[PDB]
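Since the structure comes first, as structure tokens, the remarks are kept for the end.
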Amino acid sequence: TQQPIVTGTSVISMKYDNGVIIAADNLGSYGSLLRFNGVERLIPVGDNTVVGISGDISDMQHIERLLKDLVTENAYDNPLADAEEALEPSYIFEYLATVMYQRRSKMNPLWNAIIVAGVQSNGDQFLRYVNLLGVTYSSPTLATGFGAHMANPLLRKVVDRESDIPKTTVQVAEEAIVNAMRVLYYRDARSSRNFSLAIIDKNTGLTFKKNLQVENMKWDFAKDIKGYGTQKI
Amino acid sequence: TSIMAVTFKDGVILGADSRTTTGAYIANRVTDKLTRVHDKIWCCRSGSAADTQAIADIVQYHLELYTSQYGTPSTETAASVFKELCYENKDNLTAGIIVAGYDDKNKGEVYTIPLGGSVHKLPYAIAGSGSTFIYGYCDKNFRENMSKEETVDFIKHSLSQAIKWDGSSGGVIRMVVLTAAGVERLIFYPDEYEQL
Amino acid sequence: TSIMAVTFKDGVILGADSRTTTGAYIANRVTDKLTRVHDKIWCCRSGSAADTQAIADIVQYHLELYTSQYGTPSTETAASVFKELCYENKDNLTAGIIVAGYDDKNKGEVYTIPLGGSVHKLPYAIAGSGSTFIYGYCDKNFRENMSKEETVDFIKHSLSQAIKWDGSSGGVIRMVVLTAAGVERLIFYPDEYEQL
Amino acid sequence: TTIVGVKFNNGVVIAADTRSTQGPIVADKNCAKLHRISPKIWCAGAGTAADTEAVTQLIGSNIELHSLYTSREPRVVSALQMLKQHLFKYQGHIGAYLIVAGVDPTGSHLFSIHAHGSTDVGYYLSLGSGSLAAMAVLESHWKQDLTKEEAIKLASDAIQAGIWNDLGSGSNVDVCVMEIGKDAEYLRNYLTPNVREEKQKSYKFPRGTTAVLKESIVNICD
Amino acid sequence: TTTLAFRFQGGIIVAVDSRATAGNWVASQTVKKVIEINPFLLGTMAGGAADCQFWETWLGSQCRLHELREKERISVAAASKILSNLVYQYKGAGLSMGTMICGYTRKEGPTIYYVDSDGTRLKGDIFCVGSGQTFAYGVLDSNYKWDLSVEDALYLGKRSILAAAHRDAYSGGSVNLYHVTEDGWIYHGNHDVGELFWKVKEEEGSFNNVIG
Amino acid sequence: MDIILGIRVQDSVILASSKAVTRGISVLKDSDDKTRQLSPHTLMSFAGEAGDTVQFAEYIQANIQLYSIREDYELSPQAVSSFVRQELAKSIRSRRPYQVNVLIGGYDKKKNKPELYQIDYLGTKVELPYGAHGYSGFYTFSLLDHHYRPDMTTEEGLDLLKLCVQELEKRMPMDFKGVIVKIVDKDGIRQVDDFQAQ
Amino acid sequence: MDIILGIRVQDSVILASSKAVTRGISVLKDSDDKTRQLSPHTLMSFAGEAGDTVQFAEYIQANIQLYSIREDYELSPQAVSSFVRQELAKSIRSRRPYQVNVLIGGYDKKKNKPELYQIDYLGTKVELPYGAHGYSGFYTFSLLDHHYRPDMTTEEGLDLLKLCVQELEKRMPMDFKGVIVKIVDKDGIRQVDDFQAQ
Amino acid sequence: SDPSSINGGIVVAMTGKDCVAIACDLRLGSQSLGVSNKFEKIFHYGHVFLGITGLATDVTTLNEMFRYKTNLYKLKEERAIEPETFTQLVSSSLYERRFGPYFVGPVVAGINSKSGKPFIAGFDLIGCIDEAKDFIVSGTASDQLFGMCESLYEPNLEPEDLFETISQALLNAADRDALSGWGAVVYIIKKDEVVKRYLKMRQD
Amino acid sequence: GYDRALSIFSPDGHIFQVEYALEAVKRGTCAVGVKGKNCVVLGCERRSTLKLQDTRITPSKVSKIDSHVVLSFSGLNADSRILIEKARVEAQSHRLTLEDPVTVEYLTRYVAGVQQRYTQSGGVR
Amino acid sequence: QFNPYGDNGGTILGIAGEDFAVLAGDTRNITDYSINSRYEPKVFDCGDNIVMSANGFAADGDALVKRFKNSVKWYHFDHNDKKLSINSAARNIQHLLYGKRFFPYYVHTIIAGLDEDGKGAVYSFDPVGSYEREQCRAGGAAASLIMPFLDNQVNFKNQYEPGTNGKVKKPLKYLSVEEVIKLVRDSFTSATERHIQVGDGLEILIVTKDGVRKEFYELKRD
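So this is what it looks like as structure tokens:
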């Protein structure tokens, strides 16, 4: 049993016609102190999977080390490591889920919420969640922490059910994700303006975008607000 | 919350961020923390929003009645009324008020009433959760008798740092300038102060 | 406690106050918080004194054995050992370590290992109870590739502010300079830094 | 519960869902959450249901009496001041969280009030369990100078976000539009996107199915 | 829950209700609270549903092992002590069980053993266990005689469980009856309280306070 | 707790109350009468918290005797039970509540029928053929449910109680030292001095 | 708690133990024998925690019977009491202690003298003319302090116990359902089947 | 501990075609002990019906309070109180004890004697009104009642049919609750007449 | 730690350590037992390689396992003590769990089981 | 402090027919007041004609189902591909659950199939292994709303022959697969109306001597 110390907030994602998109800001909070700003919370595994992690940062770094090892280990005595026997998004997820559930079962969790995004070898999109309790689930859109409350509602207006996937383009999807990141920056006190975004396309491959910034913010209407009820000036 | 008041050559300026939170959620990103209790007596509130609003509303009442009978009240008198309310009710209140006003005789003045209900007259004062991060910066850069432009810059730089490190602070930076010339309302947006 | 490490043109400098308290009592006013774990790898300790000393002693042991078998360890490797100890034993430890070392290939480097056991490579780092008061000051005055004289000044000004506001910090300011030239020990007394 | 308030170029609008619950059970699938303080000052609450209703009617009663005494139309700032001073006195024990909107001789107004007695002013607000889903929508589509129609859409869209994504909300959308120069218009069940599909069977029982032990007539007349 | 067992001229009567709950929620009205350890041994269950079921089923396996090893039917004393010692090993861990081990061996005659999770083991002629025990005791104690006809005994047992099913909110469903003789136990059916109550009211004239 | 039992037969109400008064480790008295006559045809038995018990009983007695003198009339059992219920109901929401449970047995001379009322400290009232407070009910309600009949004679009622007491003396952990039995009928209240072996 | 009494007279030790076994609200049995014969001239009575009680007694019995077979000899009462004390003393510092109090009455055939040992669950042992565990002592030690004599006959001892039991049946809150009395002397252990009215 | 689970009991009301039904079980217990099988939980003032679940002492006190208030109301107004009006009276009477509440779950049923319109309403312990048109449920087996009612109910049922529906809803809900049951009574209400029936049910 | 296999099969299918154990028995003093119609008698012979013993204290050849069962033997005296002790312990354990003393066959089967185990366990003869 | 358990909502329903059995469950997965997924299968075909569902704390439900499927696999390996009878699966599951008696799988589990005589079978378990074979059983969030209904419509409780003065109980005629599916769908539309954790979709698994079939139906998404 423990308590999280340095933490990462939301991780949001959704799937479109040809792949999946996942994003997360670059902040490492220490309680209410916005302590670290160069924190990458999207972990690429090979060229078909990206693991986004929220929660305790020390545990995130541990999970990072675990993932790099899975890659090394999978390459051992494996002449097809970069082909038919390369790590699949589903293998990576099952592994982490297994670990997450064993750790909670020993009353010593990895204090995180994880989303595994990727494209399988047969083209299928892969999007699944797992957290510190070992709980898992899939949906056309997935978000952790605050994003679950404010991002899913916006992302679900684009893909409300399975049949909406093929009708959704990378452009529409990325636009929706970027808008969601802005909304989170407006109402989540533990969020940052800078974030990373990754796209896993069954055709274009893996596109990892670093140092993005929330832009086109509306603040002007603030000049007209005065007092908290009766004040006029 | 990040709030501060700074006396200078021509008077005094009050400044604040505009973020109010309930946990990690930002309940209001454009809050107005600069509260008018009299024409040229204003205050910055920190602590329980319910409490500080109730105190300010009562102080405004007391100062309106004071004015009707004895004329314009001194900033000191306004700070005294705030104090009386905060000290006598210290058990049921969580309020940290910065009082700042402009008098023609006394020019600009700043009084801080922290949690216990004690009062302190100062050249400048900072409060709120975000103030801890700018104690060093403010003590190294504050000078007495600065110009309006310099003071605005001092507050702008100070609060942008407070907002940078404190998750409970953010949004726009609001300022109120109190001089013989009148009352001026200033507002500064993120795209500006973030790149200082 | 107020501790910090700053990388610059020729390497890296570690600095700290010298006050250790048990409640309001100063148990030691001349404490030495700059701890050597290798010739050119040093660390600043914060948190439980018993804990950090035990960790440092073990890290020194690991680095001496490492050196005997594989030669001089990188600063990164030293930070890794600290981390392994802090992360794996997070339940029974209260330690905040700043690791700083000089390598001929990598020059000066700074790693901070906060309470949870995570690691962060940074241009400069501040920790300890007194660090909260200088976040704004340090973020506004730090520049990369400063000279030795400038860095010493940066640390001296930063810590004097931390000492000014934090009752848990005080005494003398100690510094350790790590460059290709060697190891230099600096000390600065109250009568000097108090009047900055 | 999901309640929202949106200011437009010549007025203000408020809306709410219609789901009332007792723990995880839906007690009323179509209750009205939009209450009237005065003809043109409307209100919506979240939290302790009995408290929002009682606090609304008390201040409403006093507002009416004040209006009659001063020969003037009720002002939103008066309802705000009376509500907040009442709630503060009770130190949060009266669990009323409200969004109050209305128009009066001085213009259009929009405020939020919390159980402890604090108030806020804004152009768009949301409250209740569905608060965050609704605000995600408002932060994405709100803009200055909305037309009456754009505001109805935005407000209605915000509540739908709550109906669909928040388990504490559902069923229908109620709206009330308050425009500067006209009467306020209450639009009960402005949207009804959750109609129960026809059941697969009829459970009407053949008469005599229930065993009776004794029967008798009850006297109502005195 | 209400369970009872008593010794008399014709052997042993065993009666139990069949209600299972989870708080005020009635989980089931058709639970078996008597497990046929084996053709000559019966076990009753009260307390934790799982605890009783799992360990009494386990008891049967241990009793069968004894017969294979010793080429002889296990005694009621040895059987009850197996469960008793097992339960004692777990003392303090939270097991919850109130049980009766009833059997008939040539060597001991009709025998009843009360065994609970506290580790208590008692041999006796009459036992009522469960949230409804006091209600059964009331009816059973005021109509008991060592000289009851197998027919009259079966009724007293059935009547006692009924009494408890009526007054105890946590007891009810139906009554399951058993008669124990040297040649084994004899099931005497399942009697739904729904019909049993009215029948008994009319034929006996009791429960005069309820209107029917 | 103490034993408080009541049973309404054909033409009377019988009240049985334990005689022990136990404080901690010692039985201080074994002839305690846990009853007060409220009026010539109304009797009340009580059990509960140490001091509140008698203080409540005596308070109710005083009020009824006052009503009797002022009106030169005797309130019906139902009227008295309602008065007692209101008093207990007021008490449960006061600074320090009377923790007292009672049984009221009375013979209504106007209806010519015996009546038995059971009221707990919360002000919970119910009229019954037989009643009990505390743990007693757990062993007696099933007995009475079995052996009770509306047309029983005062004598059959006494044999029914004897049966109840024997069950209590067999299964209950505490030694309540027997009971005092009183009969309430058209002729008033009398005490059966011979129950120690009837 | 249960009643455990012991008294050493001129040529024997008398043990008296209550027969009730009560669980919560019900008296489950009223003929419980709270004793185990450790050897032909040594008897042990016990009271305490529900399951631990018998488990401890039977465990001690097994060990002594084993010693008897291995050596073809009978350990003296003092030896047995010391063995029992060590077991209880080990138990108090273990994961889950035996919460059992015991009285050991034995007749030492080598000294030709009866002996009575009182040992509580902590391993506290003392040799006495008379003893008791639980609340019993609070009413019996003053009685015996008054009526006891070293030269009493087994018969005078039984009359002394009868006096103790009567006091317990008068002042103690719980109904312990009488006692079973056993005598330990030069001829072994016998049970006085007639104490229900001696 | 929970004042609302000490005595047990349930109440349910339904509207039909120009009629209304209000029903309740008869149990009154003390935790696991069943004490009385004749504790009715429905009362009426004129043609207005009130059912109350929860702590028995408050059930009784509230009935006496409303008898008291409706009696004065009639004397002053010179007419019997209507369903809608009485509902407001219950609500305001309950909120008056906001910080020292009666632990009950009131239910109102009746027909406006002037508009002929059927009416029902429910409240939480401090007065919040639940004005559903179909049915209102209250008591220790409220989850069960919601389940039955939602499944069995259908609009505009005739008195004779509504009776079968309300009864089956009550009975089967009661049988899955340990603190409910032990007898039941159903009231069928029409502008002109009211019939009361006692149902036969499990006695365990 | 010592677990060498001392009792193993030889090419002809014999286990010499068991066979030689029997030779140790042939060397032991003679013991006999005869059962009557209502009794059983056990007789043993006493060596004479040395005579000047104290019969009171010298361990006898017949041992009580429980009040109703006895055991005699031929072979190594020291080894017999081990079996006798285990048998005595098992007899008390049986009374403790079954609430009935052991039957003679049960006690025999137990002693025999111990002997068999020592023929196929590592490190023991 | 760390709480090892969570509640994911959901409701499941099992009904046994004369020569078939069904196991249904909504497809919504939740946490507090948010929806995690509108379609997350909760009922599984485990092989050998056995369907299972462990509802409550999803992580525990998944571990159990996973462990049982693996048990079936090893049963084949160790007993010459013998088919695992439903009664045997039930006992196996009891040991799986009781294995964690001191750190329980926080689930209410139901399995369905055909017994060895070809009849429909349903078994329901306690979180720690207590089990019983039954005619029907609802589990999860809305079990308290559904079970009463099933007692009435499946076992005809409290229903009598009209005109017999409640003297003759309605006969126990048995239901067809079509009639059962109707009860299931109605049970879920009702549950979706009154319980905030139930909705989105309904997935039913039917077991006959020919194998396992699946049917899917939409449910209200509010």
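First to last, the sequence lines map onto chains A, B, C, D, E, F, G, H, I and J.
Taking UniProt numbering as reference, the numbering of the first sequence is continuous, increasing by one, and the terminal residue is 266.
Taking UniProt numbering as reference, the numbering of the second sequence is continuous, increasing by one, and the terminal residue is 215.
Taking UniProt numbering as reference, the numbering of the third sequence is continuous, increasing by one, and the terminal residue is 215.
Taking UniProt numbering as reference, the numbering of the fourth sequence is continuous, increasing by one, and the terminal residue is 251.
Taking UniProt numbering as reference, the numbering of the fifth sequence is continuous, increasing by one, and the terminal residue is 287.
Taking UniProt numbering as reference, the numbering of the sixth sequence is continuous, increasing by one, and the terminal residue is 198.
Taking UniProt numbering as reference, the numbering of the seventh sequence is continuous, increasing by one, and the terminal residue is 198.
Taking UniProt numbering as reference, the numbering of the eighth sequence is continuous, increasing by one, and the terminal residue is 205.
Taking UniProt numbering as reference, the numbering of the ninth sequence is continuous, increasing by one, and the terminal residue is 127.
Taking UniProt numbering as reference, the numbering of the tenth sequence is continuous, increasing by one, and the terminal residue is 241.
By construction, the Cβ of each residue, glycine as well, lies at the ideal position given by its N, Cα and C atoms.
To the nearest angstrom, how far is it from the Cα of residue i to the Cα of residue j?
i	j	result
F254 of chain A	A184 of chain D	18 angstroms
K53 of chain I	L73 of chain I	25 angstroms
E167 of chain F	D216 of chain E	7 angstroms
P235 of chain D	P40 of chain F	56 angstroms
Using a C-beta cutoff of 9 angstroms, does residue i count as contacting chain D?
i	result
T39 of chain B	yes
Kindly indicate if chain A contains any beta-carbon less than 9 angstroms away from that of residue i.
i	result
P209 of chain C	no
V150 of chain D	yes
Of all the CB atoms in chain G, is at least one closer than 9 angstroms to the CB of residue i?
i	result
residue 2 of chain I	With chain I represented from 3 up to 127, any question about residue 2 of chain I goes unanswered, as that position is not in the structure.
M174 of chain F	yes
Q128 of chain E	no
Sort out for me which residues DSSP pairs residue i with in a bridge.
i	result
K140 of chain C	C:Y130
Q37 of chain F	F:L43
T151 of chain C	Looking at the DSSP assignment, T151 of chain C forms no beta bridge with any residue, so it has no partner.
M66 of chain H	According to DSSP, which records beta bridges pairwise, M66 of chain H is partnered with nothing at all.
Only counting the same chain, and skipping five residues up and downstream in sequence, which positions put a Cβ closer than 8 angstroms to that of residue i?
i	result
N171 of chain J	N177 and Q178
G61 of chain A	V39, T40, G41, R68, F69, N70, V72 and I90
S150 of chain B	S21, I22, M23 and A181
Which chain A residues are close to residue i, counting only those with a beta carbon under 9 angstroms from its beta carbon?
i	result
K109 of chain C	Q35, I38 and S91
Any Cβ of chain E within less than 9 angstroms of the Cβ of residue i?
i	result
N173 of chain H	no
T154 of chain F	no
Taking only beta-carbon atoms, is residue i less than 9 angstroms away from chain B?
i	result
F140 of chain D	no
Using a C-beta cutoff of 9 angstroms, does residue i count as contacting chain H?
i	result
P167 of chain J	yes
Among the residues of its own chain, which have a CB less than 6 angstroms from the CB of residue i, if the five just before and after it don't count?
i	result
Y142 of chain J	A109, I130, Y150 and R152
With a CB to CB cut of under 7 angstroms and the five nearest residues on each side skipped, what residues in its chain are close to residue i?
i	result
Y119 of chain D	none
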